[PDB]
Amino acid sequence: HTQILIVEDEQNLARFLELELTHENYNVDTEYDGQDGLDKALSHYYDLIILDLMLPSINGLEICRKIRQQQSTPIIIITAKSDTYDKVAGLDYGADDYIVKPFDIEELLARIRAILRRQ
């Protein structure tokens, strides 16, 4: 059973993502703080981690780099706002995909599938 960690401080969006991913037979853990999210990722192996760029305590870009120092775990960054520099930084720091809002859940789910195929 595939395990996903969501690190998202916007509780409405965190809840939407959890519900939609659970409906696809994913087991989902959620953290609402950037440091709790980093701590959780480093203490348990997930199949894929979704990070919001804009997180409290430590932002998603910096969480991504710290995870990737220690693990090969797939990472997707999602964000409300971002230009090409932000995207390039996120992918260069270890993200496997980088998605700007608004996005349709069907695209997120397909990109998860595409990443997990190769694991």
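Heads up: residue numbers just count along the shown sequence, starting at 1.
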query	finding
Between 19-27 and 98-106 (mean CA B-factor, as deposited), the higher	19-27
Higher-B stretch (mean Cα B-factor, as the entry records it), 32-40 or 89-97	32-40
Out of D83, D47, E62, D52, residue topping the C-alpha B-factor column of the entry	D83
Chain third (lowest, middle, highest) by recorded CA B-factor, residue given as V7	lowest
Third of the chain, ranked by Cα B-factor, where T73 sits	lowest
